[PDB]
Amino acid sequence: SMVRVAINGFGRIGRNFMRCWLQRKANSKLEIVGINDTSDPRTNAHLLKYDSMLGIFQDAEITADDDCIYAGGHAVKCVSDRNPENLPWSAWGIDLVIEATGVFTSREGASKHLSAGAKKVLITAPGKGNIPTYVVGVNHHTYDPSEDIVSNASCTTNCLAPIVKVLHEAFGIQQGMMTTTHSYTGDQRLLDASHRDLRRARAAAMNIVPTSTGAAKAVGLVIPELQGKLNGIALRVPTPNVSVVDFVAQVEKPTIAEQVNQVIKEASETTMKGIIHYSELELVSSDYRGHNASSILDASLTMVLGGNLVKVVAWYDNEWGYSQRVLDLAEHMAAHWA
């Protein structure tokens, strides 16, 4: 039957994921039966319906009472406990927790859901420590059905890894540098305020904000041959969603821009269909709101120098495209359940 899902953390990713599932619910093996969050259900039904980025939810009515959110007649039980060890996962028969709070990314943290009665946890972020990491379209077929805690990596890793896999298999990636020019996220401050990261402390809609990213090194988790061969950074900029990866690779097989584009286009039509989209259109970030691909190659921007130095640029909707991949991974787990 259905894998019973609870969302822990009903934030940007938790709510994007919920909308993704509501739109793909007819062919799903998942049933979202519960939400735990800081807020109450009436606040969360309001935010689920009224979204500054996604617009008003149209496909079904969304209401709430003291105990549940209702989406098209489907009742989702709600609780508000910030310690996951206390959550009613046994009583609600939760099979799978979508861990989207941002604060339970280690095994010890995510395992609190297992103590509370859930069977598995999917962390919507890179894991801290020894947590199996998957990027759909890159290594999700390696999923081991015995694993209890998994990570779907980051949004930037989901954009970069498919492109890297294609370039590596065609040309041999020896080293690569990345910079993501990335929309701001809720971890940054609206106005200058204390933060563990002195740059993320700074007014997010007023500044270009450099920050670290594990996304390059995490590509080595999902493409093990490239461990230690990639590095990079992020520049957070004053847009609220949609990001772009700039990847400069040192490759073994000498090539030219036309051939790099042909290889990625071919992959986007076959092995990476639905994961990489290939575009020759002269578009901007707003045009990629709601795109379902992990990576949209902007083919007009590809350049190569000296045969071996390759630059590619790929868009990604960091909220929605990533949440589509969370749903894809959860469906894959549900179809390989043990």
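Take the two forms, superpose them, and find the largest set of C-alpha atoms that agree within 1.5 Å; that set is the rigid core. The numbering used is simple: start at 1 and walk along the sequence shown.
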{"property": "137-145 against 210-218 - segment lying farther from this form in 9 other deposited structures of this protein (CA RMS, rigid core fit)", "result": "210-218"}
{"property": "Stretch with the greater mean C-alpha B-factor as recorded in the entry, comparing 258-266 against 239-247", "result": "258-266"}
{"property": "Mean Cα B-factor comparison, 112-120 or 136-144, giving the higher one as deposited", "result": "112-120"}
{"property": "Residue selected from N207, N231, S154, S212 by maximal Cα B factor", "result": "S212"}
{"property": "Highest recorded Cα temperature factor - choice among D81, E252, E99, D192", "result": "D81"}
{"property": "Where the record places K29 (Cα B-factor, split into thirds across the chain)", "result": "highest"}
{"property": "Third of chain Cα B-factors occupied by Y184", "result": "lowest"}
{"property": "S52 by Cα B-factor - lowest, middle or highest third of the modelled chain", "result": "lowest"}
{"property": "Modelled-residue ranking by C-alpha temperature factor, third containing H168", "result": "middle"}
{"property": "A91, C-alpha B-factor rank within chain (lowest, middle or highest third)", "result": "highest"}
